[PDB]
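Enquirer: Pasting a structure below so you can have a look.
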Amino acid sequence: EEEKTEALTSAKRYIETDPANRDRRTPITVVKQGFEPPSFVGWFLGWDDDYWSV
Amino acid sequence: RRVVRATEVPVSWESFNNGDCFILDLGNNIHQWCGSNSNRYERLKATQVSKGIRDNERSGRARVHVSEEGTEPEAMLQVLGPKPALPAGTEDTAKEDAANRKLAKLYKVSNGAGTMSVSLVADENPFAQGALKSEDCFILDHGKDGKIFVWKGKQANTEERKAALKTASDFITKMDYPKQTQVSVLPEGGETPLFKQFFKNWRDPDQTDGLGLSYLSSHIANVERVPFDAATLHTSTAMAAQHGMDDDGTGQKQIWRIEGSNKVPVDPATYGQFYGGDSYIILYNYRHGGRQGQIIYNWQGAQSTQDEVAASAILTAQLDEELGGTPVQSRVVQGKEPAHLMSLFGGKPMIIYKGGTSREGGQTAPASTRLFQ
Amino acid sequence: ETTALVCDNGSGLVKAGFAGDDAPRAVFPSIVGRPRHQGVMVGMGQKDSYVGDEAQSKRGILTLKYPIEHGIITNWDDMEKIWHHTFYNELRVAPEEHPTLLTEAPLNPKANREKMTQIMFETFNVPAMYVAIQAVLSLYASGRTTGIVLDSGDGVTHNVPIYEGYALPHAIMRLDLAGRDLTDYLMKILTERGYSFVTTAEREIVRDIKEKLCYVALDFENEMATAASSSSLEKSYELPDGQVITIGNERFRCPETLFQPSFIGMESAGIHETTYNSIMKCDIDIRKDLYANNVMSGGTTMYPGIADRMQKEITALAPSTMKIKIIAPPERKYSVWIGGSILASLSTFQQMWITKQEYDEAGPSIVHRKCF
Amino acid sequence: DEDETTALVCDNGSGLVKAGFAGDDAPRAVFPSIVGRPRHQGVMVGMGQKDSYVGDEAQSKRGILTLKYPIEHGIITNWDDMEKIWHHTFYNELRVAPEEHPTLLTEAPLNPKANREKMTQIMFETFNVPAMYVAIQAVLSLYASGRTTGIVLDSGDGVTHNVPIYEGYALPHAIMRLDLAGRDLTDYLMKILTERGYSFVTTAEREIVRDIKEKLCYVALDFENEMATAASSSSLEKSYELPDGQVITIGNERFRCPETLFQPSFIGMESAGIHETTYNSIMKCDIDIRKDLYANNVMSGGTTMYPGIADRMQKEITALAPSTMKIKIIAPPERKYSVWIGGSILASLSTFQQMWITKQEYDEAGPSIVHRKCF
Amino acid sequence: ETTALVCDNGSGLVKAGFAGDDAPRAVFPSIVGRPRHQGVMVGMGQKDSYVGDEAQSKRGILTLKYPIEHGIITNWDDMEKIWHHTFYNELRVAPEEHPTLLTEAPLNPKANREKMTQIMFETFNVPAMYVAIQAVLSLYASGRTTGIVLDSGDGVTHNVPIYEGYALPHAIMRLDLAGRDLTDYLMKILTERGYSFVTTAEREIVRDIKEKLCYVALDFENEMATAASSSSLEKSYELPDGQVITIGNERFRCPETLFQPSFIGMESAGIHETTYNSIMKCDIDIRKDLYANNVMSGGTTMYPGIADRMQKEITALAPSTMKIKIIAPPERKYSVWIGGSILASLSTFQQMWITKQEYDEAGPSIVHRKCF
Ligand SMILES: Nc1ncnc2c1ncn2[C@@H]1O[C@H](COP(=O)(O)OP(=O)(O)OP(=O)(O)O)[C@@H](O)[C@H]1O
Ligand SMILES: Nc1ncnc2c1ncn2[C@@H]1O[C@H](COP(=O)(O)OP(=O)(O)O)[C@@H](O)[C@H]1O
Ligand SMILES: Nc1ncnc2c1ncn2[C@@H]1O[C@H](COP(=O)(O)OP(=O)(O)O)[C@@H](O)[C@H]1O
Ligand SMILES: [Ca+2]
Ligand SMILES: [Ca+2]
Ligand SMILES: [Ca+2]
Ligand SMILES: [Ca+2]
Ligand SMILES: [Ca+2]
Ligand SMILES: [Ca+2]
Ligand SMILES: [Ca+2]
């Protein structure tokens with residue numbers, strides 16, 4: 001969980017420190033394993049739903 | 001008994017007794033002989049003086065032997081002769097502790113008062129190591145067996161040193177010492193361990209106090225807890241790219257697929273049409289003028305099993321060695337191809353099918369309805 | 001048409017089977033057990049020596065001897081008993097019509113190599129044989145050809161860097177510290193809690209305790225402070241006579257001899273310094289992929305947390321621009337056998353076989369020239 | 001020289017307690033460490049019938065007592081009886097108050113840790129000593145001989161241990177411990193006396209068999225020739241008188257009993273003998289220091305007091321070692337008390353006063369100070 | 001009136017003594033040993049750091065470190081321990097009374113020279129000091145003013161051309177293999193006979209084996225053929241614990257790393273053609289006497305047969321219109337000290353000292369303008 005929280009802070013600091021200025025209120029959305037929205041999934045070439053499930 | 005001391009005695013069997021301990025020094029070999037009636041403290045002093053003669057006078061270029069009655073080596077019997085009967089030994093009383101207490105006279109030589117001064121520091125040993133001041137020159141006179149030590153300080157003047165040597169030479173003829181008396185000149189940090197025995201608890205500067213600690217010669221990671229800064233991510237985007245793959249990839253290539261335990265060539269109408277559950281080897285020849293050259297790529301599908309990828313690696317190494325070792329290899333998995341490998345087919349896409357060959361099922365039939373991304 | 005045999009003879013275990021298969025058929029410990037008590041009941045089934053799992057099942061009344069001590073073979077009659085047991089009793093096959101692939105640790109004395117030939121063509125009369133390096137078989141079993149292999153079993157622990165499918169002989173390093181030494185160290189440090197283990201059967205029990213209840217701490221001093229401050233790390237084990245023992249900090253002190261060899265009194269450095277100096281003795285251009293392909297093999301690399309600790313120690317030693325990937329497959333206990341099984345089953349392999357004819361015209365020196 | 005001290009040295013071994021003052025040449029109080037309790041019905045009221053007897057007065061009344069050793073193979077098991085023996089040796093033997101004397105204690109290597117914390121706790125809380133220290137017995141045995149380099153085989157009543165020391169530095173990885181000593185030899189002699197028909201079962205009979213072992217047993221130079229000599233003739237038989245006047249005769253049992261030290265398979269132990277234990281202790285030391293460890297074999301403890309054990313020890317190590325090396329074995333006649341003599345040396349050394357575990361260090365650090373200060 | 005001191009600081013063997021002597025008074029190895037176990041017998045002379053030949057005596061219970069590696073001082077505090085042991089324990093003199101001559105490696109960095117000057121004048125308080133070069137003192141001890149010097153000790157091998165009594169910096173060439181790497185290669189090639197030498201304590205044993213039993217073969221292939229066929233060159237050595245090892249073809253294979261660096265995986269050139277590469281970098285007119293004066297210096301020139309092999313290898317690839325002669329004095333392991341002892345005792349050297357007051361109003365920078 002400390003990986004999760006300090007990764008949230010690191011993702012925020014990665015947003016403000018980019019050279020091309022972007023929107024400071026760029027939203028951080030937490031995604032769980034096995035429950036992914038299609039917005040996350042659509043960037044992956046060849047998603048398998050039953051990859052992690054044995 | 002309490003104040004144990006060493007005294008030089010002439011080298012003969014008649015000088016030996018059974019109630020003391022003896023050290024026979026023969027250069028590179030030192031023999032320690034312990035009497036049967038000798039006690040604990042003079043055995044410990046014999047060990048200490050023998051290790052001092054080894055490690056300080058000879059700098060470790062010696063070997064110390066410890067012996068008792070009946071176990072004398074050939075060296076002691078060769079030097080001293082055949083062994084007579086020993087004339088026993090007196091019990092260790094307190095009068096010879098007082099005799100050992102009166103053996104040395106520590107004198108001072110100093111021009112700190114503006115004039116010549118030879119004065120008595122002490123006549124009662126064990127002396128104090130702190131009494132040896134670093135700005136003066138001291139004299140120890142154990143001249144009964146013929147030893148006079150001139151100890152020089154680091155911050156002593158030259159005329160103090162010459163006066164100390166002159167006074168030590170003057171001690172020869174005044175008190176009527178015998179005509180073999182050695183005047184040993186000793187600087188700070190270079191003291192003879194026959195000089196050291198008259199001092200209460202001599203301390204070398206790099207001694208071990210207590211049990212001590214090991215050095216261990218090897219250490220594990222003890223990195224400090226730094227917070228990580230994320231601005232190094234999008235900045236400093238270093239990249240190496242390719243080193244010799246400058247061609248656009250028309251070339252002349254051969255593609256093999258591994259089935260079971262053997263590779264076969266694929267059909268030449270089907271270059272960029274791979275199976276996801278198979279393993280492939282691609283040999284590629286440079287037509288480019290950069291000294292020609294050959295590339296062997298080892299492509300491994302994601303659905304491919306362990307036997308196929310292991311056989312692909314072994315056949316890749318065998319194909320490298322049977323061409324003389326001139327080509328260089330590049331392991332590649334599905335999804336992680338370089339830009340040069342995608343350019344081998346000449347503007348064609350890489351078609352990846354589903355399924356493949358196996359040792360027990362062979363080639364899988366394709367599905368009726370197929371979807372491609 | 002004849003199926004070749006693959007027989008990985010380790011210091012602690014023997015993994016034997018047929019080429020082309022995915023798993024070894026016979027896995028059994030390489031011990032020879034002999035009776036030490038007086039037999040009073042006549043007839044029955046008393047034998048002069050017991051080999052393998054039969055010696056494990058009767059180990060209360062047997063003294064147990066390992067033929068292999070720190071990689072080299074000390075007893076050859078017992079090793080012949082091991083080979084006879086794995087041919088005739090385990091695989092139940094006649095070895096005079098099957099070529100046999102054998103494995104060997106690198107920087108071994110040369111006198112073993114012809115001697116392993118000297119039994120195989122004279123007693124069992126194999127048609128062909130081959131000797132392969134264990135590390136290149138482990139690297140082949142991962143599907144890789146360039147990388148560094150840390151092979152750590154029961155006898156030795158060696159780092160081998162391999163480039164283009166050939167090991168570099170000027171950078172192979174050997175460390176005589178493996179699972180038997182960790183077992184002996186765990187026997188030493190279990191006396192602190194009052195448990196005495198001196199018998200070879202008790203050595204087998206402590207080896208089982210080491211397999212079930214040991215792990216590598218990510219940092220040693222903080223874990224020692226945690227074990228001192230509470231009792232959350234304590235675990236219980238049941239001895240076969242029903243006695244229950246409890247171990248605390250000794251769970252993680254026994255793998256730490258891998259990273260700090262001074263616990264058992266060795267001046268030599270740990271496995272991470274051994275990997276770093278093995279990488280540093282290679283050429284400058286090929287150091288990039290040696291750090292990125294760092295596979296692990298053997299049963300001694302099966303502790304929890306060994307890969308994270310190894311990446312932590314290598315990362316502190318390497319330059320920060322380098323990328324470190326410690327590769328720990330779940331099948332790494334049998335990776336030597338899998339690489340040998342795939343390598344023996346190939347159709348292009350049947351000319352590197354050292355057959356009978358060149359052996360008995362060349363003598364016991366053909367193995368030094370055909371097996372590189 | 002060395003400065004005067006008022007310390008106490010108490011070698012509390014498995015069989016005997018040897019207590020005395022530091023600086024003396026001999027321990028003042030030597031007595032067996034047993035606690036005796038009566039097992040019969042007391043019908044005569046009066047005359048001070050105690051509930052428990054400790055030390056030499058338990059030996060005088062051993063017929064009507066059951067005797068217990070609190071120390072078994074070096075480990076203290078019954079702490080109440082150990083506290084009783086410590087109270088007896090402080091108050092009834094040395095006749096001193098422990099509040100103004102530092103105490104030096106002895107211990108075998110490779111004991112459990114809890115023995116060391118409980119020794120710390122009963123010395124500091126019950127007796128209120130101002131200082132305390134525990135030391136390894138073989139280090140003291142090498143102190144008594146006057147040497148620095150050597151391997152020490154110390155064999156008492158419960159523990160037989162080999163410790164190698166080069167210069168002042170010990171090698172902990174090469175230390176060997178074997179639970180084969182005078183207890184096991186006494187029990188084996190109790191077993192093999194049944195071959196002649198003499199049955200000894202009780203604890204007082206065990207003390208009688210221990211006296212027989214001390215007064216009659218010896219180590220044969222070679223076993224099989226001595227068996228043939230004992231079988232052929234009757235010159236090796238010797239007699240002993242029991243305290244009720246019965247006379248027994250023993251033959252080969254004189255030398256079969258200490259042979260268990262060289263062949264532990266007589267009592268079912270698969271471990272090797274003391275010669276192989278010494279040889280494998282030398283082999284785990286690295287290659288540069290074997291030559292000095294061969295020539296400085298030091299034997300200490302009461303179990304090393306058989307006649308002929310040094311010659312047999314010489315022959316077996318000479319057989320095991322290569323022929324170019326010279327093997328010398330140091331067996332002083334005072335080796336029964338050499339642990340106490342080395343404790344008397346070490347407590348009086350001027351370097352040692354900065355290593356006492358004081359009272360305030362124990363008060364701030366608990367009983368776990370002993371593993372950071374001692375060894 | 002006072003006598004100067006000469007101290008040649010080798011990378012593995014330091015030499016010291018008084019000026020005007022035909023031999024160094026003290027030869028002892030430049031090591032610093034530290035204990036690796038705990039000293040439980042207190043009050044019996046345990047030290048935290050054993051320096052020099054004393055550390056060679058009790059080398060089993062110590063870890064050894066070399067303060068000078070590859071001819072250059074790296075660890076400075078240990079070098080102060082070496083110098084303190086040299087002055088106070090070994091030579092038994094006060095440094096305040098005696099001037100001191102030191103020797104340095106060719107192409108020494110300037111900061112090491114300044115730091116040598118600073119610890120020489122501050123810590124020990126010498127009244128005078130001078131720094132010289134290894135190879136020019138070797139050439140002066142040979143009685144020449146022009147020649148090539150092959151100085152090969154324990155750390156590095158230097159080829160230094162000297163013309164008119166001064167070196168040529170553009171042609172001084174450094175080859176980084178010496179007796180340390182020969183010792184390490186001998187530990188490598190004794191493993192096939194079954195002997196293992198891993199720690200720094202028994203590296204000295206392998207160094208003694210290399211010194212007592214090694215030779216340079218005049219031709220390598222026929223020597224290997226006769227070693228393979230017969231057994232007339234196999235000889236035994238007695239390890240100091242009593243075991244006896246035997247060595248065969250490894251007796252001559254271990255000096256051959258100097259002529260073939262590929263035996264240890266080093267891609268550089270052998271010792272014979274790097275002298276050719278140095279002498280081609282010199283001017284065309286001065287090569288006639290430079291070829292004729294082939295001075296060999298250092299301890300690893302003391303193999304038997306190295307001079308004849310060097311004569312053959314230079315004569316093979318130099319042109320046939322000139323004569324090659326190799327000189328090898330019997331005192332060539334002490335020749336730097338002999339040149340320093342001649343240099344310090346001259347009647348023109350008292351003005352070339354760096355006195356204390358010149359360092360006082362000059363700082364640690366006058367060493368460049370005077371030692372030149
Ligand atoms: N007879 C010999 N045969 C072979 N090697 C020898 C012999 N005598 C000495 N050596 C080796 O020579 C080296 C020491 O030589 P030398 O004292 O000239 O070198 P150094 O001054 O310490 O080194 P460097 O000049 O590189 O700093 C050691 O490696 C030693 O093993
Ligand atoms: N789960 C485990 N955890 C820790 N160690 C293990 C585990 N399984 C096996 N080992 C160790 O691995 C060693 C054998 O490893 P392996 O290399 O497979 O056999 P060999 O060494 O005979 O080739 C044994 O000594 C055993 O102690
Ligand atoms: N003369 C002797 N011969 C053989 N054994 C002896 C002799 N004297 C004492 N012993 C044995 O020594 C053992 C105890 O010796 P010691 O080490 O002094 O006591 P502890 O073991 O209590 O320290 C006793 O068990 C006794 O059997
Ligand atoms: Ca006396
Ligand atoms: Ca003065
Ligand atoms: Ca497939
Ligand atoms: Ca290639
Ligand atoms: Ca293995
Ligand atoms: Ca004892
Ligand atoms: Ca030199």
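Residues are named by chain letter and number: chains run A, B, ... in the order of the structure tokens, numbers start at 1 in each chain, and ligands are numbered from 1 in the order shown.
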Can you check which parts of chain B lie within 8 Å of chain E? Per residue, the shortest pair of atoms and distance in Å to one decimal, counting only C-alpha atoms, sorted by chain and number, as a Markdown table.
Expert:
```
| residue | atom | partner | partner_atom | distance |
| --- | --- | --- | --- | --- |
| B:48 | CA | E:44 | CA | 7.2 |
| B:55 | CA | E:54 | CA | 6.0 |
| B:56 | CA | E:89 | CA | 6.7 |
| B:57 | CA | E:89 | CA | 7.8 |
| B:59 | CA | E:54 | CA | 5.4 |
| B:60 | CA | E:54 | CA | 4.0 |
| B:61 | CA | E:53 | CA | 6.8 |
| B:154 | CA | E:96 | CA | 7.7 |
| B:186 | CA | E:92 | CA | 7.1 |
| B:187 | CA | E:94 | CA | 5.6 |
| B:188 | CA | E:88 | CA | 7.6 |
| B:189 | CA | E:88 | CA | 6.1 |
| B:190 | CA | E:88 | CA | 4.7 |
| B:191 | CA | E:89 | CA | 7.9 |
| B:206 | CA | E:48 | CA | 5.7 |
| B:207 | CA | E:47 | CA | 4.3 |
| B:208 | CA | E:47 | CA | 5.0 |
| B:210 | CA | E:42 | CA | 6.6 |
| B:211 | CA | E:39 | CA | 5.3 |
| B:212 | CA | E:38 | CA | 5.8 |
| B:213 | CA | E:38 | CA | 6.1 |
| B:214 | CA | E:36 | CA | 4.6 |
| B:215 | CA | E:36 | CA | 5.6 |
| B:216 | CA | E:36 | CA | 6.0 |
| B:217 | CA | E:63 | CA | 7.3 |
```
Enquirer: Residues of chain A no more than 8 Å from chain B, counting only C-alpha atoms: send them over as a PyMOL selection string.
Expert: chain A and resi 10-11+13-14+17-18+45-46
Enquirer: What does the list of residues within 9 Å of ligand 2 look like if you count only C-alpha atoms and all ligand atoms, written as a ChimeraX atom specification?
Expert: /C:8-15,29-30,71,151-156,178-183,207-208,210-215,255,297-304,332-336
Enquirer: Export C-alpha atoms of the chosen residues as a tab-separated table (two decimals), in the first residue's frame?
Expert:
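This is the output file part32.tsv:
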```
chain	number	residue	atom	x	y	z
C	8	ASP	CA	22.29	-34.91	-14.11
C	9	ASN	CA	24.40	-36.21	-11.21
C	10	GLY	CA	24.49	-33.40	-8.69
C	11	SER	CA	26.21	-33.37	-5.33
C	12	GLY	CA	22.99	-33.90	-3.40
C	13	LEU	CA	20.41	-35.17	-5.88
C	14	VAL	CA	20.32	-37.30	-9.03
C	15	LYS	CA	17.91	-36.18	-11.77
C	29	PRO	CA	19.22	-38.22	-3.35
C	30	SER	CA	22.72	-39.47	-4.08
C	71	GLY	CA	31.65	-31.24	-6.57
C	151	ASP	CA	24.37	-22.12	-10.48
C	152	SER	CA	24.20	-23.06	-6.80
C	153	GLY	CA	23.35	-26.57	-5.73
C	154	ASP	CA	24.41	-28.82	-2.87
C	155	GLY	CA	28.18	-28.86	-3.41
C	156	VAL	CA	29.43	-25.72	-5.21
C	178	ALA	CA	26.32	-24.34	-1.03
C	179	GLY	CA	23.41	-26.20	0.56
C	180	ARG	CA	25.39	-28.73	2.60
C	181	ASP	CA	27.38	-25.90	4.19
C	182	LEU	CA	24.14	-24.06	5.01
C	183	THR	CA	22.78	-27.30	6.51
C	207	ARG	CA	18.12	-30.09	5.71
C	208	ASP	CA	14.34	-30.56	5.63
C	210	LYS	CA	16.12	-25.51	6.03
C	211	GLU	CA	13.94	-26.27	3.00
C	212	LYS	CA	10.65	-25.58	4.79
C	213	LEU	CA	11.37	-22.65	7.12
C	214	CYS	CA	14.07	-20.35	5.75
C	215	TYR	CA	14.07	-17.11	3.77
C	255	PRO	CA	20.72	-17.94	3.99
C	297	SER	CA	19.68	-22.09	-11.32
C	298	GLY	CA	19.93	-24.85	-8.78
C	299	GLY	CA	18.03	-25.75	-5.64
C	300	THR	CA	19.90	-23.34	-3.38
C	301	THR	CA	18.39	-20.37	-5.24
C	302	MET	CA	14.90	-21.43	-4.09
C	303	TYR	CA	14.68	-19.36	-0.90
C	304	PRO	CA	12.02	-16.65	-0.67
C	332	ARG	CA	15.02	-23.64	-11.94
C	333	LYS	CA	15.57	-26.71	-9.75
C	334	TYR	CA	15.50	-28.91	-12.88
C	335	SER	CA	16.73	-26.44	-15.52
C	336	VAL	CA	19.98	-28.37	-16.12
```
Enquirer: For a test of reading the model, state the distance in Å between atom CA of residue E:127 and atom CA of residue E:25, rounded to one decimal.
Expert: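 Calculated distance between atom CA of residue E:127 and atom CA of residue E:25 is 21.6 Å.
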Enquirer: Up to 9 Å from chain B, what residues of chain D turn up? Count only C-alpha atoms and give them as a JSON list (two decimals) with N, CA and C atoms, in the first residue's frame.
Expert:
```
[["chain", "number", "residue", "atom", "x", "y", "z"],
["D", 1, "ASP", "N", 54.73, -5.77, 36.94],
["D", 1, "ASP", "CA", 53.96, -6.95, 37.30],
["D", 1, "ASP", "C", 52.44, -6.78, 37.15],
["D", 2, "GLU", "N", 51.69, -7.61, 37.86],
["D", 2, "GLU", "CA", 50.24, -7.62, 37.84],
["D", 2, "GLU", "C", 49.69, -7.14, 39.18],
["D", 25, "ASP", "N", 47.52, -20.53, 43.87],
["D", 25, "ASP", "CA", 48.07, -21.58, 43.02],
["D", 25, "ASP", "C", 47.19, -22.81, 42.94],
["D", 143, "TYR", "N", 45.60, -20.92, 28.92],
["D", 143, "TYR", "CA", 46.23, -19.95, 29.81],
["D", 143, "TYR", "C", 47.13, -20.62, 30.84],
["D", 144, "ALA", "N", 46.71, -21.78, 31.36],
["D", 144, "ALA", "CA", 47.47, -22.45, 32.41],
["D", 144, "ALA", "C", 48.79, -23.01, 31.91],
["D", 145, "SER", "N", 48.83, -23.45, 30.65],
["D", 145, "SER", "CA", 50.05, -24.02, 30.08],
["D", 145, "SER", "C", 51.09, -22.98, 29.73],
["D", 146, "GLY", "N", 50.73, -21.70, 29.69],
["D", 146, "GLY", "CA", 51.67, -20.65, 29.34],
["D", 146, "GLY", "C", 51.83, -20.40, 27.86],
["D", 147, "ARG", "N", 51.16, -21.16, 27.01],
["D", 147, "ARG", "CA", 51.26, -21.00, 25.57],
["D", 147, "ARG", "C", 50.18, -20.07, 25.04],
["D", 148, "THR", "N", 50.35, -19.66, 23.79],
["D", 148, "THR", "CA", 49.31, -18.99, 23.03],
["D", 148, "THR", "C", 48.78, -19.84, 21.89],
["D", 295, "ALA", "N", 52.12, -29.54, 16.90],
["D", 295, "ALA", "CA", 53.14, -29.62, 17.92],
["D", 295, "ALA", "C", 52.68, -29.09, 19.27],
["D", 296, "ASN", "N", 51.43, -28.67, 19.40],
["D", 296, "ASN", "CA", 50.94, -28.05, 20.62],
["D", 296, "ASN", "C", 49.59, -28.63, 21.02],
["D", 328, "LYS", "N", 53.51, -33.34, 18.94],
["D", 328, "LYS", "CA", 53.86, -33.29, 20.35],
["D", 328, "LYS", "C", 52.59, -33.06, 21.16],
["D", 341, "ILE", "N", 43.25, -22.88, 37.19],
["D", 341, "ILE", "CA", 44.53, -22.18, 37.18],
["D", 341, "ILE", "C", 44.54, -21.08, 36.12],
["D", 345, "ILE", "N", 44.78, -17.04, 36.59],
["D", 345, "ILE", "CA", 45.62, -16.16, 35.77],
["D", 345, "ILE", "C", 44.82, -15.00, 35.20],
["D", 350, "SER", "N", 46.01, -7.45, 34.46],
["D", 350, "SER", "CA", 45.70, -6.02, 34.56],
["D", 350, "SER", "C", 44.85, -5.53, 33.40],
["D", 351, "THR", "N", 44.90, -6.23, 32.26],
["D", 351, "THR", "CA", 44.06, -5.89, 31.12],
["D", 351, "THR", "C", 42.60, -6.22, 31.39],
["D", 352, "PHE", "N", 42.33, -7.17, 32.28],
["D", 352, "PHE", "CA", 41.01, -7.77, 32.43],
["D", 352, "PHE", "C", 40.01, -6.87, 33.17],
["D", 354, "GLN", "N", 38.96, -3.91, 32.62],
["D", 354, "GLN", "CA", 38.06, -3.19, 31.74],
["D", 354, "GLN", "C", 37.10, -4.11, 31.00],
["D", 355, "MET", "N", 36.96, -5.36, 31.44],
["D", 355, "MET", "CA", 36.04, -6.29, 30.82],
["D", 355, "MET", "C", 35.10, -7.00, 31.78],
["D", 373, "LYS", "N", 29.42, -8.74, 25.96],
["D", 373, "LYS", "CA", 30.67, -8.58, 26.69],
["D", 373, "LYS", "C", 31.51, -9.85, 26.66],
["D", 374, "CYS", "N", 30.93, -10.98, 27.06],
["D", 374, "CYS", "CA", 31.65, -12.24, 27.19],
["D", 374, "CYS", "C", 31.58, -12.97, 25.85],
["D", 375, "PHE", "N", 32.75, -13.26, 25.28],
["D", 375, "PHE", "CA", 32.95, -14.01, 24.02],
["D", 375, "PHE", "C", 32.20, -13.44, 22.81]]
```
Enquirer: Any idea what's packed within 7 Å of residue E:259, counting only C-alpha atoms, ignoring anything in its chain fewer than 6 positions away? Could you give it as an MDAnalysis selection string?
Expert: chainID E and resid 270:272
